[PDB]
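Q: The file below is my_file24.pdb, PDB, C-alpha atoms and all ligand atoms:
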```pdb
MODEL        1
ATOM      1  CA  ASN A   1     -12.548  -0.783  24.208  1.00  0.00           C
ATOM      2  CA  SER A   2     -15.320  -2.527  26.137  1.00  0.00           C
ATOM      3  CA  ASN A   3     -18.617  -0.635  26.687  1.00  0.00           C
ATOM      4  CA  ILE A   4     -19.023  -2.001  30.251  1.00  0.00           C
ATOM      5  CA  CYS A   5     -16.951  -1.720  33.474  1.00  0.00           C
ATOM      6  CA  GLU A   6     -14.671  -4.719  33.847  1.00  0.00           C
ATOM      7  CA  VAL A   7     -15.356  -4.955  37.614  1.00  0.00           C
ATOM      8  CA  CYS A   8     -19.116  -4.371  38.023  1.00  0.00           C
ATOM      9  CA  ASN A   9     -20.259  -5.141  34.399  1.00  0.00           C
ATOM     10  CA  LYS A  10     -22.393  -1.965  34.073  1.00  0.00           C
ATOM     11  CA  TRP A  11     -22.217   0.929  31.596  1.00  0.00           C
ATOM     12  CA  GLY A  12     -21.766   4.530  32.688  1.00  0.00           C
ATOM     13  CA  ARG A  13     -18.889   7.020  33.020  1.00  0.00           C
ATOM     14  CA  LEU A  14     -16.018   4.730  31.960  1.00  0.00           C
ATOM     15  CA  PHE A  15     -12.254   5.326  31.525  1.00  0.00           C
ATOM     16  CA  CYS A  16     -10.585   3.203  28.843  1.00  0.00           C
ATOM     17  CA  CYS A  17      -7.259   1.357  29.092  1.00  0.00           C
ATOM     18  CA  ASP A  18      -4.828   2.598  26.386  1.00  0.00           C
ATOM     19  CA  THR A  19      -3.010  -0.760  26.336  1.00  0.00           C
ATOM     20  CA  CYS A  20      -5.872  -3.307  26.404  1.00  0.00           C
ATOM     21  CA  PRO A  21      -9.570  -3.221  25.688  1.00  0.00           C
ATOM     22  CA  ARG A  22     -10.843  -2.981  29.333  1.00  0.00           C
ATOM     23  CA  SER A  23     -12.766  -0.067  30.820  1.00  0.00           C
ATOM     24  CA  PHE A  24     -13.546   1.018  34.377  1.00  0.00           C
ATOM     25  CA  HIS A  25     -15.681   3.261  36.394  1.00  0.00           C
ATOM     26  CA  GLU A  26     -13.477   5.678  38.324  1.00  0.00           C
ATOM     27  CA  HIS A  27     -13.852   4.093  41.750  1.00  0.00           C
ATOM     28  CA  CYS A  28     -14.198   0.449  40.466  1.00  0.00           C
ATOM     29  CA  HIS A  29     -10.563   0.571  39.354  1.00  0.00           C
ATOM     30  CA  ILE A  30      -8.038   0.135  42.150  1.00  0.00           C
ATOM     31  CA  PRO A  31      -6.314   2.455  42.668  1.00  0.00           C
ATOM     32  CA  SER A  32      -9.018   5.001  41.542  1.00  0.00           C
ATOM     33  CA  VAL A  33      -8.510   6.075  37.920  1.00  0.00           C
ATOM     34  CA  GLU A  34      -5.712   8.634  37.737  1.00  0.00           C
ATOM     35  CA  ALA A  35      -6.658  12.299  36.873  1.00  0.00           C
ATOM     36  CA  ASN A  36      -4.275  12.790  33.960  1.00  0.00           C
ATOM     37  CA  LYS A  37      -1.777  10.209  32.445  1.00  0.00           C
ATOM     38  CA  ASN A  38      -2.075   9.766  28.653  1.00  0.00           C
ATOM     39  CA  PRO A  39      -1.619   6.990  27.823  1.00  0.00           C
ATOM     40  CA  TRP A  40      -3.163   5.231  30.825  1.00  0.00           C
ATOM     41  CA  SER A  41      -2.576   1.581  31.550  1.00  0.00           C
ATOM     42  CA  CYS A  42      -4.934  -0.321  33.857  1.00  0.00           C
ATOM     43  CA  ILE A  43      -3.954  -2.652  36.694  1.00  0.00           C
ATOM     44  CA  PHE A  44      -4.319  -5.745  34.528  1.00  0.00           C
ATOM     45  CA  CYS A  45      -1.712  -4.224  32.154  1.00  0.00           C
ATOM     46  CA  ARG A  46       0.567  -3.150  35.028  1.00  0.00           C
ATOM     47  CA  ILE A  47       0.509  -6.649  36.475  1.00  0.00           C
ATOM     48  CA  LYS A  48       1.283  -8.203  33.109  1.00  0.00           C
ATOM     49  CA  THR A  49       4.307  -5.911  32.739  1.00  0.00           C
ATOM     50  CA  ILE A  50       5.807  -7.134  36.067  1.00  0.00           C
ATOM     51  CA  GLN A  51       5.727 -10.772  34.886  1.00  0.00           C
ATOM     52  CA  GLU A  52       7.214  -9.789  31.515  1.00  0.00           C
ATOM     53  CA  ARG A  53      10.083  -7.839  33.130  1.00  0.00           C
ATOM     54  CA  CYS A  54      10.844 -10.817  35.454  1.00  0.00           C
ATOM     55  CA  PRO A  55       9.524 -14.140  34.017  1.00  0.00           C
ATOM     56  CA  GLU A  56      11.059 -15.986  37.018  1.00  0.00           C
ATOM     57  CA  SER A  57       8.586 -14.153  39.360  1.00  0.00           C
ATOM     58  CA  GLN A  58       6.086 -16.821  38.157  1.00  0.00           C
ATOM     59  CA  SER A  59       8.155 -19.741  39.630  1.00  0.00           C
ATOM     60  CA  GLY A  60       6.440 -21.271  42.683  1.00  0.00           C
ATOM     61  CA  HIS A  61       6.665 -19.592  46.117  1.00  0.00           C
ATOM     62  CA  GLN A  62       5.871 -20.557  49.695  1.00  0.00           C
ATOM     63  CA  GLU A  63       2.898 -18.664  51.187  1.00  0.00           C
ATOM     64  CA  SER A  64       4.939 -18.030  54.393  1.00  0.00           C
ATOM     65  CA  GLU A  65       7.607 -16.192  52.435  1.00  0.00           C
ATOM     66  CA  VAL A  66       4.958 -14.182  50.432  1.00  0.00           C
ATOM     67  CA  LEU A  67       3.254 -13.028  53.575  1.00  0.00           C
ATOM     68  CA  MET A  68       6.435 -11.641  55.146  1.00  0.00           C
ATOM     69  CA  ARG A  69       7.192  -9.430  52.171  1.00  0.00           C
ATOM     70  CA  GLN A  70       7.264  -5.729  52.724  1.00  0.00           C
ATOM     71  CA  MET A  71       4.658  -3.684  50.943  1.00  0.00           C
ATOM     72  CA  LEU A  72       7.050  -2.165  48.381  1.00  0.00           C
ATOM     73  CA  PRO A  73       5.400  -0.824  45.127  1.00  0.00           C
ATOM     74  CA  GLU A  74       5.095  -4.073  43.311  1.00  0.00           C
ATOM     75  CA  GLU A  75       3.560  -5.927  46.344  1.00  0.00           C
ATOM     76  CA  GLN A  76       1.260  -2.992  46.953  1.00  0.00           C
ATOM     77  CA  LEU A  77       0.075  -3.316  43.346  1.00  0.00           C
ATOM     78  CA  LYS A  78      -0.433  -7.042  43.586  1.00  0.00           C
ATOM     79  CA  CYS A  79      -2.589  -6.619  46.711  1.00  0.00           C
ATOM     80  CA  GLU A  80      -4.657  -3.882  44.945  1.00  0.00           C
ATOM     81  CA  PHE A  81      -5.219  -6.264  42.022  1.00  0.00           C
ATOM     82  CA  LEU A  82      -6.181  -9.176  44.281  1.00  0.00           C
ATOM     83  CA  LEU A  83      -8.680  -6.886  46.001  1.00  0.00           C
ATOM     84  CA  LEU A  84      -9.975  -5.852  42.611  1.00  0.00           C
ATOM     85  CA  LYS A  85     -10.414  -9.491  41.646  1.00  0.00           C
ATOM     86  CA  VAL A  86     -12.699 -10.022  44.639  1.00  0.00           C
ATOM     87  CA  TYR A  87     -14.798  -6.951  43.722  1.00  0.00           C
ATOM     88  CA  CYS A  88     -15.155  -8.472  40.194  1.00  0.00           C
ATOM     89  CA  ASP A  89     -17.462 -11.158  41.639  1.00  0.00           C
ATOM     90  CA  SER A  90     -21.011  -9.961  42.095  1.00  0.00           C
ATOM     91  CA  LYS A  91     -21.137 -11.723  45.476  1.00  0.00           C
ATOM     92  CA  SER A  92     -18.637  -9.192  46.865  1.00  0.00           C
ATOM     93  CA  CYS A  93     -21.596  -6.851  47.369  1.00  0.00           C
ATOM     94  CA  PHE A  94     -22.380  -8.726  50.635  1.00  0.00           C
ATOM     95  CA  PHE A  95     -18.921  -7.933  51.979  1.00  0.00           C
ATOM     96  CA  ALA A  96     -18.327  -4.414  50.593  1.00  0.00           C
ATOM     97  CA  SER A  97     -19.735  -2.140  53.245  1.00  0.00           C
ATOM     98  CA  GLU A  98     -19.745  -2.044  57.044  1.00  0.00           C
ATOM     99  CA  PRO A  99     -21.847  -4.821  58.421  1.00  0.00           C
ATOM    100  CA  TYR A 100     -24.000  -5.043  61.530  1.00  0.00           C
ATOM    101  CA  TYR A 101     -24.935  -7.876  63.807  1.00  0.00           C
ATOM    102  CA  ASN A 102     -28.305  -8.583  65.421  1.00  0.00           C
ATOM    103  CA  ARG A 103     -29.273 -12.217  65.060  1.00  0.00           C
ATOM    104  CA  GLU A 104     -30.984 -14.319  67.740  1.00  0.00           C
ATOM    105  CA  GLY A 105     -28.435 -16.833  69.015  1.00  0.00           C
ATOM    106  CA  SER A 106     -25.301 -15.125  67.620  1.00  0.00           C
ATOM    107  CA  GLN A 107     -22.922 -12.506  68.816  1.00  0.00           C
ATOM    108  CA  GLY A 108     -21.061 -10.061  66.520  1.00  0.00           C
ATOM    109  CA  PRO A 109     -17.306 -10.450  65.823  1.00  0.00           C
ATOM    110  CA  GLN A 110     -14.735  -8.742  68.019  1.00  0.00           C
ATOM    111  CA  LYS A 111     -13.160  -7.154  64.934  1.00  0.00           C
ATOM    112  CA  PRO A 112     -15.501  -6.376  62.074  1.00  0.00           C
ATOM    113  CA  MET A 113     -13.984  -6.018  58.615  1.00  0.00           C
ATOM    114  CA  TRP A 114     -15.254  -5.235  55.140  1.00  0.00           C
ATOM    115  CA  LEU A 115     -13.869  -4.763  51.659  1.00  0.00           C
ATOM    116  CA  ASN A 116     -14.189  -0.936  51.555  1.00  0.00           C
ATOM    117  CA  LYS A 117     -12.264  -0.692  54.768  1.00  0.00           C
ATOM    118  CA  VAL A 118      -9.479  -2.820  53.287  1.00  0.00           C
ATOM    119  CA  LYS A 119      -9.638  -0.566  50.198  1.00  0.00           C
ATOM    120  CA  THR A 120      -9.105   2.488  52.324  1.00  0.00           C
ATOM    121  CA  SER A 121      -6.360   0.812  54.319  1.00  0.00           C
ATOM    122  CA  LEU A 122      -4.487   0.013  51.115  1.00  0.00           C
ATOM    123  CA  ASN A 123      -5.026   3.483  49.685  1.00  0.00           C
ATOM    124  CA  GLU A 124      -3.708   5.047  52.909  1.00  0.00           C
ATOM    125  CA  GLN A 125      -0.650   2.682  52.978  1.00  0.00           C
ATOM    126  CA  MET A 126      -1.496   1.221  56.386  1.00  0.00           C
ATOM    127  CA  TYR A 127      -0.166  -2.234  55.600  1.00  0.00           C
ATOM    128  CA  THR A 128       3.615  -2.673  55.950  1.00  0.00           C
ATOM    129  CA  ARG A 129       3.590  -6.348  54.910  1.00  0.00           C
ATOM    130  CA  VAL A 130       1.499  -8.548  52.613  1.00  0.00           C
ATOM    131  CA  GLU A 131       0.423 -10.428  55.762  1.00  0.00           C
ATOM    132  CA  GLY A 132      -1.506  -7.356  56.995  1.00  0.00           C
ATOM    133  CA  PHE A 133      -3.629  -7.275  53.873  1.00  0.00           C
ATOM    134  CA  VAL A 134      -4.221 -11.040  53.677  1.00  0.00           C
ATOM    135  CA  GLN A 135      -5.145 -11.232  57.378  1.00  0.00           C
ATOM    136  CA  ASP A 136      -7.858  -8.606  57.037  1.00  0.00           C
ATOM    137  CA  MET A 137      -9.159 -10.239  53.802  1.00  0.00           C
ATOM    138  CA  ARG A 138      -9.414 -13.655  55.502  1.00  0.00           C
ATOM    139  CA  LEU A 139     -10.966 -12.016  58.553  1.00  0.00           C
ATOM    140  CA  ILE A 140     -13.954 -10.819  56.481  1.00  0.00           C
ATOM    141  CA  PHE A 141     -14.868 -14.387  55.615  1.00  0.00           C
ATOM    142  CA  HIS A 142     -14.039 -15.863  58.964  1.00  0.00           C
ATOM    143  CA  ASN A 143     -16.311 -13.382  60.711  1.00  0.00           C
ATOM    144  CA  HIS A 144     -19.110 -14.232  58.268  1.00  0.00           C
ATOM    145  CA  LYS A 145     -18.759 -18.016  58.887  1.00  0.00           C
ATOM    146  CA  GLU A 146     -18.768 -17.601  62.598  1.00  0.00           C
ATOM    147  CA  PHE A 147     -21.771 -15.286  62.748  1.00  0.00           C
ATOM    148  CA  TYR A 148     -24.118 -17.076  60.330  1.00  0.00           C
ATOM    149  CA  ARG A 149     -23.407 -20.552  61.789  1.00  0.00           C
ATOM    150  CA  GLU A 150     -25.740 -23.077  60.174  1.00  0.00           C
ATOM    151  CA  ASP A 151     -27.706 -20.631  58.128  1.00  0.00           C
ATOM    152  CA  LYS A 152     -27.137 -21.466  54.533  1.00  0.00           C
ATOM    153  CA  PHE A 153     -26.080 -17.829  54.017  1.00  0.00           C
ATOM    154  CA  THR A 154     -22.662 -18.939  55.412  1.00  0.00           C
ATOM    155  CA  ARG A 155     -22.033 -20.321  51.947  1.00  0.00           C
ATOM    156  CA  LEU A 156     -21.567 -16.850  50.492  1.00  0.00           C
ATOM    157  CA  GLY A 157     -18.520 -16.487  52.735  1.00  0.00           C
ATOM    158  CA  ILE A 158     -17.141 -19.760  51.437  1.00  0.00           C
ATOM    159  CA  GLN A 159     -17.713 -18.828  47.841  1.00  0.00           C
ATOM    160  CA  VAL A 160     -16.182 -15.391  47.991  1.00  0.00           C
ATOM    161  CA  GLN A 161     -13.205 -16.755  50.065  1.00  0.00           C
ATOM    162  CA  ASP A 162     -12.560 -19.311  47.326  1.00  0.00           C
ATOM    163  CA  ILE A 163     -12.338 -16.458  44.797  1.00  0.00           C
ATOM    164  CA  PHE A 164      -9.891 -14.641  47.035  1.00  0.00           C
ATOM    165  CA  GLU A 165      -7.716 -17.746  47.580  1.00  0.00           C
ATOM    166  CA  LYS A 166      -7.464 -18.796  43.918  1.00  0.00           C
ATOM    167  CA  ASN A 167      -6.536 -15.303  42.917  1.00  0.00           C
ATOM    168  CA  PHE A 168      -4.024 -15.033  45.772  1.00  0.00           C
ATOM    169  CA  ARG A 169      -2.324 -18.288  44.591  1.00  0.00           C
ATOM    170  CA  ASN A 170      -2.269 -17.018  40.965  1.00  0.00           C
ATOM    171  CA  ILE A 171      -1.107 -13.450  41.590  1.00  0.00           C
ATOM    172  CA  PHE A 172       1.635 -14.290  44.036  1.00  0.00           C
ATOM    173  CA  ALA A 173       2.614 -17.461  42.151  1.00  0.00           C
ATOM    174  CA  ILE A 174       2.224 -19.791  45.146  1.00  0.00           C
ATOM    175  CA  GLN A 175       3.865 -23.245  44.568  1.00  0.00           C
ATOM    176  CA  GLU A 176       1.215 -25.618  43.336  1.00  0.00           C
ATOM    177  CA  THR A 177       0.510 -28.619  45.702  1.00  0.00           C
ATOM    178  CA  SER A 178      -1.847 -31.650  45.871  1.00  0.00           C
TER     179      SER A 178
HETATM  180 ZN    ZN B 201     -17.802  -0.467  37.650  1.00  0.00          ZN
HETATM  181 ZN    ZN B 202      -5.277  -2.567  30.388  1.00  0.00          ZN
HETATM  182 ZN    ZN B 203      14.604 -10.441  36.042  1.00  0.00          ZN
ENDMDL
END
```
Could you show the structure in this file as structure tokens?
A:
Amino acid sequence: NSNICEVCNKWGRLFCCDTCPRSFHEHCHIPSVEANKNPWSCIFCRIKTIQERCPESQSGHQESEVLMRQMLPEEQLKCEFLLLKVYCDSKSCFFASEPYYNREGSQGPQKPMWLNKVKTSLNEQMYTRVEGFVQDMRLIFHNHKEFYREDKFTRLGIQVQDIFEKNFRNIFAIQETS
């Protein structure tokens, strides 16, 4: 197994996947690493199993159809993994915790959002459809764009949104287009 956390790339108290070489801090893994369960398989392994049990799940889909899906166990898992993939980028640190807004010439967003709030929302099963999760994810970056305006710090929002969107297209097998 790896000697660093797959998500945050640091050493520490790590739990090791029994089916691949990755390791995680307890609360870096999503969901949080389970108390018992020997063997334990990580979320990367659980996602791989879904594609193996249904190879056709990787044929192209329309985003509109994906969004309307109910959050049954396999969609729930896919959203948890997509969220994990955003936390894997070091730039997620800017969007992890509850922000605040006091900038000359800007007003705060009507509906603030942040990655740890989405994490809690997923953990507490508050999303009934994929759409709920994706809307809040996209809201994070939209709020950032709007608030920071022409400051070059807006680019962080763009960069972390691009990570989200690529992973969304991959995980949910969105039909490739030009
Ligand atoms: Zn970690
Ligand atoms: Zn694994
Ligand atoms: Zn099948």
Q: Can you list, as an mmCIF file with C-alpha atoms, in the coordinates of the input, the residues that the PyMOL selection byres (((chain A and resi 46-58) around 10) and not hetatm) selects here?
A:
```
data_model
loop_
_atom_site.group_PDB
_atom_site.id
_atom_site.type_symbol
_atom_site.label_atom_id
_atom_site.label_comp_id
_atom_site.auth_asym_id
_atom_site.auth_seq_id
_atom_site.Cartn_x
_atom_site.Cartn_y
_atom_site.Cartn_z
ATOM 1 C CA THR A 19 -3.010 -0.760 26.336
ATOM 2 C CA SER A 41 -2.576 1.581 31.550
ATOM 3 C CA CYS A 42 -4.934 -0.321 33.857
ATOM 4 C CA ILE A 43 -3.954 -2.652 36.694
ATOM 5 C CA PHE A 44 -4.319 -5.745 34.528
ATOM 6 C CA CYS A 45 -1.712 -4.224 32.154
ATOM 7 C CA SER A 59 8.155 -19.741 39.630
ATOM 8 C CA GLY A 60 6.440 -21.271 42.683
ATOM 9 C CA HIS A 61 6.665 -19.592 46.117
ATOM 10 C CA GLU A 74 5.095 -4.073 43.311
ATOM 11 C CA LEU A 77 0.075 -3.316 43.346
ATOM 12 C CA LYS A 78 -0.433 -7.042 43.586
ATOM 13 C CA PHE A 81 -5.219 -6.264 42.022
ATOM 14 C CA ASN A 170 -2.269 -17.018 40.965
ATOM 15 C CA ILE A 171 -1.107 -13.450 41.590
ATOM 16 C CA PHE A 172 1.635 -14.290 44.036
ATOM 17 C CA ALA A 173 2.614 -17.461 42.151
ATOM 18 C CA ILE A 174 2.224 -19.791 45.146
ATOM 19 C CA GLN A 175 3.865 -23.245 44.568
#
```
Q: Counting all atoms listed in the file, what is within 8 Å of residue 13 (chain A), bar same-chain residues fewer than 2 positions away, as a CSV table (one decimal) with C-alpha atoms, keeping the file's coordinate frame?
A:
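Final output, saved to around_39.csv:
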```csv
chain,number,residue,atom,x,y,z
A,11,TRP,CA,-22.2,0.9,31.6
A,15,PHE,CA,-12.3,5.3,31.5
A,25,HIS,CA,-15.7,3.3,36.4
A,26,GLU,CA,-13.5,5.7,38.3
```
Q: Closest to residue 1 (chain A) among A:21, A:14, A:141, A:28, using only C-alpha atoms?
A: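 When distances to residue 1 (chain A) are compared using only C-alpha atoms, the smallest one comes from A:21.
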Q: Which distance in Å separates CA of residue 136 (chain A) and CA of residue 178 (chain A), to one decimal?
A: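 That distance, rounded to one decimal, is 26.3 Å.
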Q: In the coordinate frame of the file, compute which residues have an atom within 9 Å of (-9.7, -11.9, 54.4) when using all atoms listed in the file, and state them as a VMD selection string.
A: chain A and resid 113 to 115 133 to 142 161 164
Q: For the contact check between chain A and ligand ZN 201 (chain B), emit one row per residue of chain A within 7 Å, containing the shortest atom pair and the distance in Å rounded to one decimal, counting only C-alpha atoms and all ligand atoms, chain then rising number order, as a Markdown table.
A:
```
| residue | atom | partner | partner_atom | distance |
| --- | --- | --- | --- | --- |
| A:5 | CA | B:ZN201 | ZN | 4.4 |
| A:6 | CA | B:ZN201 | ZN | 6.5 |
| A:7 | CA | B:ZN201 | ZN | 5.1 |
| A:8 | CA | B:ZN201 | ZN | 4.1 |
| A:9 | CA | B:ZN201 | ZN | 6.2 |
| A:10 | CA | B:ZN201 | ZN | 6.0 |
| A:24 | CA | B:ZN201 | ZN | 5.6 |
| A:25 | CA | B:ZN201 | ZN | 4.5 |
| A:28 | CA | B:ZN201 | ZN | 4.7 |
```
Q: So how far away is CA of residue 96 (chain A) from CA of residue 72 (chain A), in Å?
A: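 We find that CA of residue 72 (chain A) and CA of residue 96 (chain A) lie 25.6 Å from each other.
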Q: Just the residues within 10 Å of residue 157 (chain A), please, counting all atoms listed in the file, with nothing from its chain fewer than 3 positions along; format it as an MDAnalysis selection string.
A: chainID A and resid 91:92 94:95 138 140:146 148 153:154 160:162
Q: Determine the residue membership of the PyMOL selection byres (((chain A and resi 66) around 10) and not hetatm) for the file above and supply it as number ranges by chain.
A: A: 61-65, 67-70, 75, 129-131, 172-174
Q: For the residues selected in the previous step, produce a file with C-alpha atoms as a PDB file, in the coordinates of the input.
A:
```pdb
ATOM      1  CA  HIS A  61       6.665 -19.592  46.117  1.00  0.00           C
ATOM      2  CA  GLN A  62       5.871 -20.557  49.695  1.00  0.00           C
ATOM      3  CA  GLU A  63       2.898 -18.664  51.187  1.00  0.00           C
ATOM      4  CA  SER A  64       4.939 -18.030  54.393  1.00  0.00           C
ATOM      5  CA  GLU A  65       7.607 -16.192  52.435  1.00  0.00           C
ATOM      6  CA  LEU A  67       3.254 -13.028  53.575  1.00  0.00           C
ATOM      7  CA  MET A  68       6.435 -11.641  55.146  1.00  0.00           C
ATOM      8  CA  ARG A  69       7.192  -9.430  52.171  1.00  0.00           C
ATOM      9  CA  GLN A  70       7.264  -5.729  52.724  1.00  0.00           C
ATOM     10  CA  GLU A  75       3.560  -5.927  46.344  1.00  0.00           C
ATOM     11  CA  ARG A 129       3.590  -6.348  54.910  1.00  0.00           C
ATOM     12  CA  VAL A 130       1.499  -8.548  52.613  1.00  0.00           C
ATOM     13  CA  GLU A 131       0.423 -10.428  55.762  1.00  0.00           C
ATOM     14  CA  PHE A 172       1.635 -14.290  44.036  1.00  0.00           C
ATOM     15  CA  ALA A 173       2.614 -17.461  42.151  1.00  0.00           C
ATOM     16  CA  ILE A 174       2.224 -19.791  45.146  1.00  0.00           C
TER      17      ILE A 174
END
```
Q: As a check of understanding, name the residues that the PyMOL selection byres (((chain A and resi 18) around 7) and not hetatm) selects in the supplied structure, as a list in words.
A: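 Taken on the displayed file, the PyMOL selection byres (((chain A and resi 18) around 7) and not hetatm) yields the residues residues 16, 17, 19, 20, 39, 40 and 41 of chain A.
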Q: What is the distance between CA of residue 165 (chain A) and CA of residue 90 (chain A), in Å to one decimal?
A: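 Straight-line distance from CA of residue 165 (chain A) to CA of residue 90 (chain A) works out to 16.4 Å.
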Q: Which residue out of A:101, A:37, A:155, A:123 has the minimum interatomic distance to residue 79 (chain A) when only C-alpha atoms are used?
A: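 Comparing A:101, A:37, A:155, A:123 against residue 79 (chain A), the winner is A:123.
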Q: First collect every listed atom of region 36-47 of chain A; then fit an axis-aligned box around them, widen it by 8 Å on each side, and give centre and edge lengths in Å to one decimal, as AutoDock Vina command-line options.
A:
```
--center_x -2.2 --center_y 3.1 --center_z 32.3 --size_x 21.5 --size_y 35.4 --size_z 24.9
```
